[PDB]
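One structure is given below, encoded as structure tokens.
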Amino acid sequence: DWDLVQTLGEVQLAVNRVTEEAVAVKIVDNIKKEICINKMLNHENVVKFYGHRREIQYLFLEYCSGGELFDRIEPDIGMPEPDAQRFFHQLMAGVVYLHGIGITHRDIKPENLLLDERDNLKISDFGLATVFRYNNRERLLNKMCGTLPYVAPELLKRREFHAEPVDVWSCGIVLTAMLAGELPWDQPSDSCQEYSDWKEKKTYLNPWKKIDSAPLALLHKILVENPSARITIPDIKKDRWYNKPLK
Ligand SMILES: CCOC(=O)c1cnc2[nH]ncc2c1N1CCO[C@@H](CN)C1
């Protein structure tokens, strides 16, 4: 038996009457695919799925008492570089896992990155997720989704696109936010001046000016317009800043 303590955001915090264990309960009244995908998942950097009950659908998910990464980002400032690097390491671990089982999240942003009691990052909310690889066969995506400031430019420009580079791009936007406390552009389109400036290498402007040359060098490889030229995760793991001892 579980008591519903408070509304988290619908999602409610539930506490076990006997054990006092806490869990997040998602109430819905597409949910079928979210449960299906959640049943595939098992990784320390992905919100745990405990099960579901049908009545109004109920999803039981890992409660992350640390809240959202979003709330650890000080506006216009960001966070200490060592904290950002640690969070970025854990984000990559989670994303590598998902891509490894052929799943793309499609909406990576600080609001969907939760923290447990130890500040361990957990990828959250698979309502927009989809399978991009099955029976070792890649499937190109063609539906536009995600969140504009975080979406890769190809999603706005091409009919079809590879799933993995899209997630890599969004991860680069998250890193920018962690290091500068602001988003670089409303969207990565040619009509967007801020994106034009970036493509023209005007890193003497914000937010790039607040970012140290080492992490900035990594962002130069992630925020590349051509998804085929964009750095892959295995190569991100070889990046100099990625491997820099910090703090
Ligand atoms: C301390 C605040 O941490 C949360 O609330 C929170 C904790 N664990 C969760 N697992 N799945 C979601 C979730 C969660 N929420 C759900 C509602 O939206 C977000 C909070 N405004 C994040």
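A note on labels: chains of the structure tokens are A, B, ... as shown, every chain counts residues from 1, and ligands are counted from 1 in their shown order.
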Nearby residues, ligand 1, 10 Å, only C-alpha atoms and all ligand atoms, as a short mmCIF file (atom, residue, chain, number, x, y, z; two decimals) with C-alpha atoms, in the first residue's frame:
data_model
loop_
_atom_site.label_atom_id
_atom_site.label_comp_id
_atom_site.auth_asym_id
_atom_site.auth_seq_id
_atom_site.Cartn_x
_atom_site.Cartn_y
_atom_site.Cartn_z
CA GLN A 6 2.86 15.34 -2.91
CA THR A 7 2.60 16.25 -6.59
CA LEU A 8 6.05 16.45 -8.19
CA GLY A 9 4.93 17.99 -11.48
CA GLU A 10 1.13 14.33 -13.68
CA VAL A 11 3.76 12.77 -11.43
CA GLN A 12 3.25 12.24 -7.70
CA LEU A 13 5.56 11.13 -4.91
CA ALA A 22 9.73 6.41 -2.10
CA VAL A 23 8.72 6.18 -5.76
CA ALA A 24 7.45 8.51 -8.48
CA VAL A 25 4.02 7.67 -9.88
CA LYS A 26 3.02 8.86 -13.35
CA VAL A 47 15.36 6.45 -14.37
CA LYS A 48 14.43 2.99 -13.09
CA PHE A 49 11.08 1.50 -14.14
CA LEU A 59 3.72 4.05 -14.16
CA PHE A 60 6.01 3.45 -11.18
CA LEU A 61 9.38 5.16 -11.62
CA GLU A 62 12.54 5.80 -9.63
CA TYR A 63 12.20 8.79 -7.31
CA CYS A 64 15.13 11.15 -7.76
CA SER A 65 15.23 13.32 -4.63
CA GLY A 66 17.97 15.52 -6.08
CA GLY A 67 15.50 17.08 -8.50
CA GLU A 68 16.30 18.40 -11.98
CA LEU A 69 19.72 19.23 -13.40
CA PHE A 70 17.93 22.37 -14.58
CA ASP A 71 17.89 23.61 -10.97
CA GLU A 111 14.48 19.18 -17.36
CA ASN A 112 14.69 15.51 -18.35
CA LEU A 113 17.91 14.88 -16.45
CA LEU A 114 17.20 14.05 -12.82
CA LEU A 115 19.53 13.63 -9.85
CA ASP A 116 19.35 11.06 -7.05
CA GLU A 117 20.49 11.62 -3.45
CA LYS A 122 19.30 9.86 -14.50
CA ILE A 123 17.79 10.16 -17.97
CA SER A 124 14.05 10.72 -17.55
CA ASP A 125 10.81 10.53 -19.54
#
Could you build a table of the residues in region 154-192 of chain A lying no more than 12 Å from region 197-211 of chain A, giving for each the nearest pair of atoms and their separation in Å rounded to one decimal place, using only C-alpha atoms, ordered by chain and ascending residue number, as JSON lines?
{"residue": "A:173", "atom": "CA", "partner": "A:207", "partner_atom": "CA", "distance": 11.1}
{"residue": "A:175", "atom": "CA", "partner": "A:211", "partner_atom": "CA", "distance": 10.2}
{"residue": "A:176", "atom": "CA", "partner": "A:207", "partner_atom": "CA", "distance": 7.7}
{"residue": "A:177", "atom": "CA", "partner": "A:207", "partner_atom": "CA", "distance": 8.6}
{"residue": "A:178", "atom": "CA", "partner": "A:211", "partner_atom": "CA", "distance": 9.9}
{"residue": "A:179", "atom": "CA", "partner": "A:211", "partner_atom": "CA", "distance": 6.2}
{"residue": "A:180", "atom": "CA", "partner": "A:207", "partner_atom": "CA", "distance": 5.7}
{"residue": "A:181", "atom": "CA", "partner": "A:207", "partner_atom": "CA", "distance": 8.1}
{"residue": "A:182", "atom": "CA", "partner": "A:207", "partner_atom": "CA", "distance": 6.6}
{"residue": "A:183", "atom": "CA", "partner": "A:207", "partner_atom": "CA", "distance": 7.5}
{"residue": "A:184", "atom": "CA", "partner": "A:207", "partner_atom": "CA", "distance": 6.2}
{"residue": "A:185", "atom": "CA", "partner": "A:198", "partner_atom": "CA", "distance": 9.5}
{"residue": "A:188", "atom": "CA", "partner": "A:198", "partner_atom": "CA", "distance": 9.7}
{"residue": "A:189", "atom": "CA", "partner": "A:199", "partner_atom": "CA", "distance": 10.5}
{"residue": "A:190", "atom": "CA", "partner": "A:199", "partner_atom": "CA", "distance": 9.4}
{"residue": "A:191", "atom": "CA", "partner": "A:197", "partner_atom": "CA", "distance": 11.0}
{"residue": "A:192", "atom": "CA", "partner": "A:197", "partner_atom": "CA", "distance": 8.8}
Any chance you could export the current selection's N, CA, C and O atoms as an mmCIF file, in the first residue's frame?
data_model
loop_
_atom_site.group_PDB
_atom_site.id
_atom_site.type_symbol
_atom_site.label_atom_id
_atom_site.label_comp_id
_atom_site.auth_asym_id
_atom_site.auth_seq_id
_atom_site.Cartn_x
_atom_site.Cartn_y
_atom_site.Cartn_z
ATOM 1 N N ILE A 173 24.182 20.953 -26.312
ATOM 2 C CA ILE A 173 23.414 22.099 -25.834
ATOM 3 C C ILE A 173 23.312 22.069 -24.304
ATOM 4 O O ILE A 173 23.425 23.103 -23.639
ATOM 5 N N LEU A 175 25.515 20.723 -22.261
ATOM 6 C CA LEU A 175 26.841 21.092 -21.771
ATOM 7 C C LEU A 175 27.039 22.613 -21.792
ATOM 8 O O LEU A 175 27.562 23.199 -20.840
ATOM 9 N N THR A 176 26.621 23.248 -22.884
ATOM 10 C CA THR A 176 26.695 24.702 -23.003
ATOM 11 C C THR A 176 25.951 25.374 -21.853
ATOM 12 O O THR A 176 26.463 26.298 -21.216
ATOM 13 N N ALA A 177 24.743 24.890 -21.584
ATOM 14 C CA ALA A 177 23.918 25.428 -20.510
ATOM 15 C C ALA A 177 24.587 25.265 -19.152
ATOM 16 O O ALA A 177 24.539 26.169 -18.322
ATOM 17 N N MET A 178 25.203 24.108 -18.927
ATOM 18 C CA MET A 178 25.887 23.839 -17.665
ATOM 19 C C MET A 178 27.092 24.752 -17.461
ATOM 20 O O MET A 178 27.433 25.092 -16.332
ATOM 21 N N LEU A 179 27.739 25.146 -18.552
ATOM 22 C CA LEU A 179 28.963 25.937 -18.456
ATOM 23 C C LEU A 179 28.753 27.449 -18.585
ATOM 24 O O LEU A 179 29.621 28.231 -18.200
ATOM 25 N N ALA A 180 27.608 27.863 -19.120
ATOM 26 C CA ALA A 180 27.369 29.283 -19.367
ATOM 27 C C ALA A 180 26.063 29.786 -18.757
ATOM 28 O O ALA A 180 25.839 30.995 -18.661
ATOM 29 N N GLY A 181 25.203 28.861 -18.348
ATOM 30 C CA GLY A 181 23.950 29.221 -17.708
ATOM 31 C C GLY A 181 22.962 29.872 -18.656
ATOM 32 O O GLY A 181 22.027 30.550 -18.227
ATOM 33 N N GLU A 182 23.175 29.677 -19.951
ATOM 34 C CA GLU A 182 22.244 30.177 -20.957
ATOM 35 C C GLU A 182 22.258 29.293 -22.198
ATOM 36 O O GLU A 182 23.228 28.580 -22.455
ATOM 37 N N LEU A 183 21.167 29.337 -22.954
ATOM 38 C CA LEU A 183 21.064 28.596 -24.202
ATOM 39 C C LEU A 183 21.558 29.475 -25.346
ATOM 40 O O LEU A 183 21.260 30.667 -25.385
ATOM 41 N N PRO A 184 22.326 28.886 -26.276
ATOM 42 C CA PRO A 184 22.954 29.647 -27.366
ATOM 43 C C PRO A 184 21.975 30.244 -28.382
ATOM 44 O O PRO A 184 22.266 31.305 -28.934
ATOM 45 N N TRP A 185 20.845 29.586 -28.629
ATOM 46 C CA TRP A 185 19.891 30.066 -29.629
ATOM 47 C C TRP A 185 18.476 29.532 -29.403
ATOM 48 O O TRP A 185 18.284 28.512 -28.741
ATOM 49 N N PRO A 188 18.405 26.196 -34.101
ATOM 50 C CA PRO A 188 19.569 26.171 -34.995
ATOM 51 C C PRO A 188 19.185 26.348 -36.462
ATOM 52 O O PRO A 188 19.400 25.447 -37.275
ATOM 53 N N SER A 189 18.622 27.506 -36.793
ATOM 54 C CA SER A 189 18.233 27.797 -38.165
ATOM 55 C C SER A 189 19.023 28.981 -38.704
ATOM 56 O O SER A 189 19.543 29.788 -37.939
ATOM 57 N N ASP A 190 19.108 29.080 -40.027
ATOM 58 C CA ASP A 190 19.849 30.163 -40.668
ATOM 59 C C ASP A 190 19.215 31.527 -40.406
ATOM 60 O O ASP A 190 19.892 32.554 -40.463
ATOM 61 N N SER A 191 17.918 31.535 -40.114
ATOM 62 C CA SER A 191 17.211 32.776 -39.815
ATOM 63 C C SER A 191 17.485 33.246 -38.388
ATOM 64 O O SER A 191 17.095 34.347 -38.002
ATOM 65 N N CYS A 192 18.157 32.405 -37.609
ATOM 66 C CA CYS A 192 18.478 32.731 -36.224
ATOM 67 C C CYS A 192 19.886 33.311 -36.111
ATOM 68 O O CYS A 192 20.876 32.607 -36.313
#
key: helix (DSSP H, G or I) positions in region 49-159 of chain A, given as an MDAnalysis selection string   = chainID A and resid 69:72 81:100 110:112 148:150 153:157
Using N, CA and C atoms, can you write the selected residues to a file as a short mmCIF file (atom, residue, chain, number, x, y, z; two decimals), in the first residue's frame?
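Final file, out_8.cif:
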data_model
loop_
_atom_site.label_atom_id
_atom_site.label_comp_id
_atom_site.auth_asym_id
_atom_site.auth_seq_id
_atom_site.Cartn_x
_atom_site.Cartn_y
_atom_site.Cartn_z
N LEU A 69 18.45 18.60 -13.07
CA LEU A 69 19.72 19.23 -13.40
C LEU A 69 19.47 20.71 -13.67
N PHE A 70 18.33 21.00 -14.27
CA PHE A 70 17.93 22.37 -14.58
C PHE A 70 18.12 23.30 -13.38
N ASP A 71 17.83 22.80 -12.19
CA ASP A 71 17.89 23.61 -10.97
C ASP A 71 19.30 23.76 -10.40
N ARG A 72 20.26 23.03 -10.98
CA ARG A 72 21.65 23.14 -10.55
C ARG A 72 22.40 24.13 -11.45
N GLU A 81 32.95 23.98 -13.38
CA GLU A 81 33.34 23.09 -14.47
C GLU A 81 33.48 21.61 -14.09
N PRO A 82 34.06 21.33 -12.91
CA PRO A 82 34.18 19.92 -12.48
C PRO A 82 32.82 19.25 -12.30
N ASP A 83 31.84 19.97 -11.77
CA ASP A 83 30.49 19.45 -11.64
C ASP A 83 29.88 19.16 -13.01
N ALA A 84 30.04 20.11 -13.92
CA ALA A 84 29.55 19.96 -15.29
C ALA A 84 30.17 18.75 -15.98
N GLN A 85 31.48 18.58 -15.81
CA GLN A 85 32.16 17.46 -16.45
C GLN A 85 31.65 16.12 -15.92
N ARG A 86 31.48 16.04 -14.60
CA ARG A 86 30.96 14.83 -13.98
C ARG A 86 29.56 14.51 -14.49
N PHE A 87 28.71 15.54 -14.59
CA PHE A 87 27.36 15.36 -15.10
C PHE A 87 27.39 14.93 -16.56
N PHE A 88 28.32 15.50 -17.32
CA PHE A 88 28.45 15.17 -18.74
C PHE A 88 28.94 13.73 -18.94
N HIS A 89 29.81 13.27 -18.05
CA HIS A 89 30.27 11.88 -18.08
C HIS A 89 29.09 10.93 -17.90
N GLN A 90 28.24 11.23 -16.92
CA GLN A 90 27.11 10.38 -16.60
C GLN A 90 26.04 10.42 -17.69
N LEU A 91 25.86 11.59 -18.29
CA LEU A 91 24.95 11.75 -19.42
C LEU A 91 25.39 10.86 -20.59
N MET A 92 26.68 10.90 -20.91
CA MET A 92 27.22 10.06 -21.98
C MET A 92 27.02 8.58 -21.67
N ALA A 93 27.25 8.19 -20.42
CA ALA A 93 27.07 6.80 -20.02
C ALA A 93 25.63 6.35 -20.29
N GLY A 94 24.66 7.18 -19.91
CA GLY A 94 23.26 6.86 -20.12
C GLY A 94 22.89 6.80 -21.59
N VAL A 95 23.39 7.76 -22.37
CA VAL A 95 23.09 7.83 -23.80
C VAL A 95 23.74 6.69 -24.57
N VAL A 96 24.97 6.34 -24.20
CA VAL A 96 25.64 5.20 -24.81
C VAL A 96 24.83 3.93 -24.60
N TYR A 97 24.31 3.77 -23.39
CA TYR A 97 23.49 2.61 -23.07
C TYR A 97 22.25 2.53 -23.96
N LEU A 98 21.50 3.63 -24.02
CA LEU A 98 20.28 3.68 -24.82
C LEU A 98 20.55 3.36 -26.28
N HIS A 99 21.50 4.08 -26.87
CA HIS A 99 21.88 3.82 -28.25
C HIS A 99 22.34 2.38 -28.43
N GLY A 100 22.95 1.82 -27.39
CA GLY A 100 23.40 0.44 -27.42
C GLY A 100 22.26 -0.56 -27.57
N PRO A 110 17.95 19.62 -19.73
CA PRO A 110 18.16 19.59 -18.27
C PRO A 110 16.91 19.24 -17.47
N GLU A 111 15.74 19.52 -18.02
CA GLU A 111 14.48 19.18 -17.36
C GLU A 111 14.25 17.67 -17.33
N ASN A 112 14.85 16.96 -18.28
CA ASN A 112 14.69 15.51 -18.35
C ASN A 112 15.91 14.76 -17.83
N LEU A 148 12.88 22.95 -29.26
CA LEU A 148 13.57 23.75 -30.28
C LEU A 148 15.02 24.15 -29.96
N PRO A 149 15.26 24.76 -28.79
CA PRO A 149 16.64 25.18 -28.49
C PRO A 149 17.62 24.01 -28.41
N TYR A 150 17.11 22.79 -28.26
CA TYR A 150 17.96 21.60 -28.10
C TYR A 150 18.04 20.71 -29.35
N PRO A 153 20.08 20.82 -36.17
CA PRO A 153 19.64 21.54 -37.37
C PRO A 153 19.06 20.64 -38.47
N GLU A 154 19.54 19.40 -38.58
CA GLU A 154 19.06 18.51 -39.64
C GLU A 154 17.59 18.15 -39.46
N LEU A 155 17.14 18.11 -38.21
CA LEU A 155 15.75 17.78 -37.91
C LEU A 155 14.80 18.83 -38.49
N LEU A 156 15.30 20.06 -38.63
CA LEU A 156 14.50 21.15 -39.19
C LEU A 156 14.64 21.27 -40.71
N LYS A 157 15.63 20.61 -41.28
CA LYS A 157 15.99 20.86 -42.67
C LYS A 157 15.84 19.65 -43.59
#
ask   = From the set A:57, A:104, A:142, A:16, which residue has the shortest atom-to-atom contact distance to residue 37 (chain A), counting only C-alpha atoms?
value = A:104
query = So which one's closest to residue 195 (chain A), A:152, A:20, A:121, A:241? Using only C-alpha atoms, please.
reply =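 With only C-alpha atoms as the atom set, the closest residue is A:152.
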task = Can you pull out every residue within 9 Å of residue 217 (chain A), counting only C-alpha atoms, but drop anything in the same chain fewer than 5 positions away, and send it as a PyMOL selection string?
result = chain A and resi 212+239-241
ask   = Hey, what's within 10 Å of residue 106 (chain A) if we count only C-alpha atoms and toss same-chain stuff fewer than 4 positions away? As a PyMOL selection string, please?
value = chain A and resi 126-130+144-147+150-151+163-164+166-167+170
message = So that I can see what lies close to residue 2 (chain A), please list as a ChimeraX atom specification the residues with an atom at most 7 Å from it, counting only C-alpha atoms and leaving out residues fewer than 2 positions away in the same chain.
response = /A:4,14-17
Export, as a PDB file, in the first residue's frame, the selected residues with N, CA and C atoms.
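Result went into selection18.pdb, see below:
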ATOM      1  N   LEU A   4       0.161   8.772  -1.268  1.00  0.00           N
ATOM      2  CA  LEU A   4       0.573   9.836  -2.174  1.00  0.00           C
ATOM      3  C   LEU A   4       0.882  11.103  -1.384  1.00  0.00           C
ATOM      4  N   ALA A  14       5.078   8.899  -4.105  1.00  0.00           N
ATOM      5  CA  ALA A  14       4.402   7.895  -3.294  1.00  0.00           C
ATOM      6  C   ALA A  14       5.382   7.250  -2.325  1.00  0.00           C
ATOM      7  N   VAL A  15       4.921   6.993  -1.107  1.00  0.00           N
ATOM      8  CA  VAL A  15       5.753   6.363  -0.089  1.00  0.00           C
ATOM      9  C   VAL A  15       5.102   5.083   0.414  1.00  0.00           C
ATOM     10  N   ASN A  16       5.884   4.010   0.483  1.00  0.00           N
ATOM     11  CA  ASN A  16       5.361   2.731   0.936  1.00  0.00           C
ATOM     12  C   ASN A  16       4.987   2.768   2.412  1.00  0.00           C
ATOM     13  N   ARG A  17       3.768   2.333   2.702  1.00  0.00           N
ATOM     14  CA  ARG A  17       3.224   2.331   4.052  1.00  0.00           C
ATOM     15  C   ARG A  17       4.057   1.501   5.031  1.00  0.00           C
TER      16      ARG A  17
END
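Of the residues under consideration (A:120, A:18, A:131, A:76), A:131 shows the shortest atom-to-atom contact distance to residue 38 (chain A) when counting only C-alpha atoms.
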inquiry  = Rounded to one decimal, what separation in Å do you get between CA of residue 221 (chain A) and CA of residue 119 (chain A)?
reply    =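 Computing the Euclidean distance for CA of residue 221 (chain A) and CA of residue 119 (chain A) yields 27.3 Å.
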request  = In Å, rounded to a single decimal, give me how far CA of residue 29 (chain A) is from CA of residue 53 (chain A).
outcome  =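 Computed distance, CA of residue 53 (chain A) to CA of residue 29 (chain A), equals 12.2 Å.
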